[PDB]
Amino acid sequence: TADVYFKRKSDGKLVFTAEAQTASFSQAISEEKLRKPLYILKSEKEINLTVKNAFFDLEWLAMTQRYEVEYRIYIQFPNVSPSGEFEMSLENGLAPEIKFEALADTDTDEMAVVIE
Amino acid sequence: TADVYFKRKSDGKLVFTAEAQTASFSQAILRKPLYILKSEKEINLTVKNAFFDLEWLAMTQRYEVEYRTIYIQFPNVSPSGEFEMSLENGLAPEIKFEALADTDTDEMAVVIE
Amino acid sequence: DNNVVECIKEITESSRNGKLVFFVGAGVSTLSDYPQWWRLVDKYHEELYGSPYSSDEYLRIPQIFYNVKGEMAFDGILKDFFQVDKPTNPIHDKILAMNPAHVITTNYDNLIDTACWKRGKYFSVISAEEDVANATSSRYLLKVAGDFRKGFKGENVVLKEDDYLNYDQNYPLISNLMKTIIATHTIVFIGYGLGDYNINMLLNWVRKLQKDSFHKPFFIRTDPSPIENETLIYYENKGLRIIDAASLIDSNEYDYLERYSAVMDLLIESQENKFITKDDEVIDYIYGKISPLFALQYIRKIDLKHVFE
Amino acid sequence: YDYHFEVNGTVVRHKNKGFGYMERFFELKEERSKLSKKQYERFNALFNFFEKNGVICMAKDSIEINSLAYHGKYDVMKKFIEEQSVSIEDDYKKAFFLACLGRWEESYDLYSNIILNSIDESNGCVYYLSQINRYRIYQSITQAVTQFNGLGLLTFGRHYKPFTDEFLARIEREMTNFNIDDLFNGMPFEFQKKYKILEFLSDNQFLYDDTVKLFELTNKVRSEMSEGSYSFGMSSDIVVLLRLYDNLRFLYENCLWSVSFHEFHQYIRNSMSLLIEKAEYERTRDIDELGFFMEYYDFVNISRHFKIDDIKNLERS
Ligand SMILES: NC(=O)c1ccc[n+]([C@@H]2O[C@H](COP(=O)([O-])OP(=O)(O)OC[C@H]3O[C@@H](n4cnc5c(N)ncnc54)[C@H](O)[C@@H]3O)[C@@H](O)[C@H]2O)c1
């Protein structure tokens with residue numbers, strides 16, 4: 001029952017807050033054939049995260065009319081892309097669940113930082 | 001999609017006939033001397049659309065199975081009597097039976113081609 | 001025969017749609033060994049003249065006793081007869097198995113109400129004027145001849161001459177409700193005599209209605225002897241469709257439960273597919289069931305079970 | 001639908017637009033003296049009802065099933081049946097026990113007599129539940145008779161006829177053209193207004209909602225297992241367990257015979273064996289760079305609602 005804080009990457013503004021529900025890090029090796037030389041240690045690290053009850057900041061909502069995630073140990077995803085996949089249900093819809101995937105800039109080459 | 005005939009062991013009367021629906025043959029392995037190849041084999045068969053013969057019914061008011069497709073013969077089939085009631089009324093009766101093996105014969109099922 | 005078959009078909013078709021109303025007479029109550037009216041009339045006659053009929057006499061003798069011996073004597077004599085309880089007969093179960101929209105009964109007993117409670121369908125019972133206004137349920141058990149629920153006095157019931165004389169004035173709401181139910185719902189008469197006061201009054205009222213503006217009520221006759229044909233025509237031209245229990249099955253006169261059971265078993269067992277034997281009627285039935293589905297591009301195969309009940 | 005009550009026991013305001021009575025009620029439960037004496041007594045009753053049913057607190061901030069039928073106290077049930085039932089309430093669970101020990105004829109007669117005596121019911125809930133249970137007992141009797149005339153000949157060899165033909169004919173006559181779906185609609189409108197939560201018991205397939213929710217939860221749990229993700233809040237497995245226990249306790253404590261049918265057996269078998277499979281996956285789960293134990297109630301559920309082949313499949317998996 002830990003909380004995820006969404007921040008706008010540029011500034012300290014809070015995009016929204018939610019509770020971390022499911023976090024999947026299915027980071028393994030990719031195809032071998034398609035990619036004597038010095039080892040590079042290729043990888044296909046992926047980090048998905050889901051938040052159960054996310055309420056968007058009122059000031060951010062008013063202003064709206066790159067993102068960072070802080071999962072509280074403390075984990076931080078400097079860059080996260082929220083996947084906006086909307087599906088409707090016959091049962092009138094009420095839990096707004098937000099799914100986002102961690103991204104990795106080429107220069108930094110790091111996706112998530114977990115620190116005590 | 002073959003047919004199954006359930007017959008009385010002694011008299012040979014056909015208790016009923018139905019349509020074979022499922023068959024599970026799962027034989028697997030505390031239990032220096034000569035190897036005896038001890039095994040614990042089980043054969044279960046679930047039957048569909050079983051209607052009891054009028055003659056045997058009126059008489060009733062050991063068994064054999066003959067499942068003919070290529071040609072299968074199960075001697076000493078014990079009919080399991082698990083009865084459950086659905087709150088939804090009922091739809092055909094499903095019969096399940098387990099192949100039995102006599103100590104002397106040691107044979108549970110026979111395959112005829 | 002074709003006439004009785006069509007009668008049964010209409011009754012069952014109305015019942016399946018919830019448009020069936022049952023007019024339960026005193027015969028259904030007598031089947032439960034309830035004290036028939038003639039017993040109480042004989043008791044009144046004995047009390048009046050010392051030592052012991054017709055439609056006029058049935059109303060007169062209680063009427064004479066009421067004003068000759070007093071209200072209290074009338075109430076006591078009627079309570080000593082009607083206070084006894086009885087078990088609901090199989091005919092009540094058969095009546096309720098049809099899921100009738102309403103039950104109208106001239107009986108002052110609670111056997112029909114007890115059967116309705118048994119079946120689990122809540123029939124708001126209306127036996128007094130105040131009952132009509134406050135009846136939460138949409139299913140009415142209309143006691144058009146009063147009831148003893150309030151008490152065992154003779155005022156609560158309609159069984160004497162003056163009570164029948166002022167029925168329209170005394171029971172305006174109840175009479176209007178009964179007439180509306182008769183006009184709207186399919187009516188079946190069971191446990192009533194063909195030459196009955198209530199049935200004759202209903203026929204007289206129906207005569208006032210515009211021609212073919214109403215549905216002719218069904219009358220289940222359980223008299224020991226087959227009905228005379230002339231009386232059959234007379235009553236079928238008066239706005240009745242007669243189903244004779246004596247004609248369908250031959251049974252000894254002394255017992256009556258067999259005739260009621262035969263009529264009700266024909267009603268319950270009968271299904272629209274029960275009568276289709278011609279292969280020209282099989283296609284007629286199938287087309288009647290499937291024709292409205294032609295408006296749909298595709299019909300789920302499993303859903304067809306709903307079409308064929 | 002003003003609020004949403006969840007299995008954990010926390011209420012969430014979902015549709016209540018006006019003043020929030022539950023939001024204030026929970027704080028009021030947590031200065032109550034200013035309430036009237038009648039209001040204080042009513043709040044005490046409400047608090048007892050809410051804490052006994054598991055509605056503890058609001059969203060922002062084990063099970064014990066009390067019944068002789070669940071625990072298989074087949075002799076205490078017989079003793080209770082023998083005792084003279086003082087009240088109709090004590091005669092309802094007595095009919096349930098009669099059904100639980102076979103004795104379906106006695107149970108049907110007792111339910112019919114309870115319905116007969118439930119005319120003066122203050123609320124009529126016992127009458128509705130007795131109608132449901134009597135329909136269920138009639139269904140059980142019919143299916144048992146069909147089995148005895150069928151499989152009951154191959155199994156047991158003989159013909160048993162546990163129920164007399166007169167009783168069967170009478171019950172068929174009473175239950176003819178009895179649509180259980182209409183039973184709740186054919187009730188006094190006061191009952192329908194007050195007892196709206198009992199409507200689901202009327203339909204002949206009342207576990208469809210529970211089965212569908214369990215299917216959704218099973219799919220979620222299996223997706224989590226396949227992906228290898230980690231659930232943080234109340235996992236779908238815990239939700240499945242909580243709903244299974246809620247259904248079991250509601251059906252057993254209220255003495256409803258539908259708890260003995262194949263539908264409920266399969267629902268419990270699937271609710272379990274999904275907790276067990278998820279627990280086994282949790283045990284054999286590799287660590288990355290970045291428990292479940294069976295109680296007495298779990299043993300009883302597995303023994304009752306699991307066929308031998310189902311237990312074999314669970315062992316294999
Ligand atoms: N005619 C009288 O006034 C009088 C006096 C004493 C006794 N009885 C007896 O009662 C019968 C007349 O009954 P009524 O006043 O109801 O007129 P009724 O016979 O016309 O009433 C008939 C309805 O009541 C039914 N009915 C008659 N006897 C029944 C019984 N044993 N069980 C169930 N239903 C019965 C018939 O169903 C009929 O459709 C007479 O045939 C006679 O046996 C009549």
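A few points on the structure. (Residues numbered from 1 in each chain as written, not as in the entry; some residues may be left out. Chains lettered and ligands numbered in written order. Part of a larger assembly, values for the part shown. Heavy atoms only, no water.)

1. Observations concerning the interface of chain C and chain D
Part 1: Counting residues at the interface gives 16 residues for chain C, matched by 19 residues for chain D.
Part 2: A buried area of about 1,500 Å², summed over both sides, lies between chain C and chain D, and 55% of it is on carbon and sulfur atoms.
Part 3: Contact with chain D buries surface across chain C, with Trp117(C), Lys118(C) and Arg119(C) losing the most and accounting together for 41% of the total.
Part 4: Across the contact surface, chain C and chain D share 1 salt bridge.
Part 5: Joining chain C to chain D, the criterion identifies 9 residue pairs in polar contact. (Contact = heavy atoms within 4.5 Å. Buried area = accessible area lost by both parts, 1.4 Å probe. Salt bridge = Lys/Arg side-chain N within 4 Å of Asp/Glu carboxyl O. Polar contact = N/O pair within 3.5 Å; in protein donor to acceptor, adjacent residues only side chain to side chain.)

2. Brief notes about the packing of helix α7 (residues 125–149) of chain D against helix α9 (residues 165–175) of chain D
All names here are of chain D.
Part 1: Between α7 and α9, whose axes approach to 11 Å, the crossing angle comes to 130°. Relative to α9, the element α7 is oriented oblique. Classified by chirality, the crossing of α9 by α7 is left-handed. Of the residues in α9, those in contact with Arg-134, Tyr-135, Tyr-138, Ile-141, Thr-142 and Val-145 of α7 are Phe-167, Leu-168, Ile-171, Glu-172 and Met-175.
Part 2: Residue composition of the contact of α7 with α9, by class: 8 nonpolar, 1 polar and 2 charged. (Axes fitted to C-alpha atoms, helices over the stretch in contact; angles between N-to-C directions. Helix = DSSP H or I, 4+ residues; strand = E, 2+ residues; numbered from the N terminus. Parallel < 35°, antiparallel > 145°, perpendicular 65-115°, else oblique. Left-handed = near helix turned anticlockwise from the far one by under 90°. Nonpolar A, V, L, I, M, F, W, Y, C, P; charged D, E, K, R; others polar.)

3. A short note on the site of the ligand
Residue and element names in this part refer to chain C.
Part 1: The local shell around the ligand holds 14 residues, among which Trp-38, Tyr-58, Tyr-192, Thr-222 and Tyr-260 are the closest.
Part 2: In isolation the ligand has 750 Å² of accessible area, and contact with the protein removes 61% of it.
Part 3: For the shell around the ligand, the element with the most residues is helix α2 (residues 26–31), which contributes 3 residues.
Part 4: Taken together, the residues of the shell around the ligand sort by class into 7 nonpolar, 6 polar and 1 charged. (Near = heavy atom within 4 Å. Areas by Shrake-Rupley, 256 points an atom, 1.4 Å probe, with all protein chains shown as cover.)

4. Let's talk about α7(D)
Part 1: With 25 residues, α7(D) should cover 36 Å at 1.5 Å per step; its first-to-last C-alpha distance of 36 Å lies within 8% of that length.
Part 2: Of all 25 residues in α7(D), 22 are buried, a share of seventy percent or more. (Expected span 1.5 Å × (residues − 1). Buried < 20%, exposed > 50% of the residue type's maximum accessible area, 1.4 Å probe, protein only.)

5. Brief notes about the interface of chain B and chain D
Part 1: Between chain B and chain D, the contact holds 24 residues from the first and 27 residues from the second.
Part 2: The junction of chain B with chain D conceals about 2,100 Å² of combined surface from both sides, 63% of it contributed by carbon and sulfur atoms.
Part 3: When the area that chain B buries against chain D is broken down by residue, the three leading residues are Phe83(B), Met85(B) and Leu87(B), summing to 37%.
Part 4: Taken together, chain B and chain D are joined by 0 salt bridges.
Part 5: Between chain B and chain D we count 8 residue pairs in polar contact in total.
Part 6: Of the residues forming the side of chain B that touches chain D, the biggest block, 3 residues, is contributed by helix α1 (residues 54–60) of chain B.
Part 7: Broken down by class, the residue content of the side of chain B that touches chain D amounts to 13 nonpolar, 7 polar and 4 charged.

6. A word on the sheet that holds strand β6 (residues 218–221) of chain C
Strands in a sheet are paired, the pairing made by backbone hydrogen bonds, and the direction either parallel or antiparallel.
Residues and elements named next belong to chain C.
Part 1: Read from one edge to the other, the open sheet built from 7 strands follows the order β3-β4-β2-β1-β5-β6-β7, with strand pairing classed as parallel. Edge positions in the open sheet fall to β3 (124–126) and β7 (241–244), since each of these has one partner strand only. Averaged over all neighbouring strand pairs, the angle between strand axes comes to 20°, with direction disregarded.
Part 2: Where strand β2 (residues 102–105) and strand β4 (residues 140–143) come together, 3 bridges link them in parallel fashion. Across the sheet, residue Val-103 finds its bridge partner in β4, namely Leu-141.
Part 3: Helix α11 (residues 172–184) contacts β1 (20–24), β2, β3, β4 and β5 (186–190) of the sheet and is inclined by roughly 125° relative to β4. (Pairing = 2+ DSSP bridges.)

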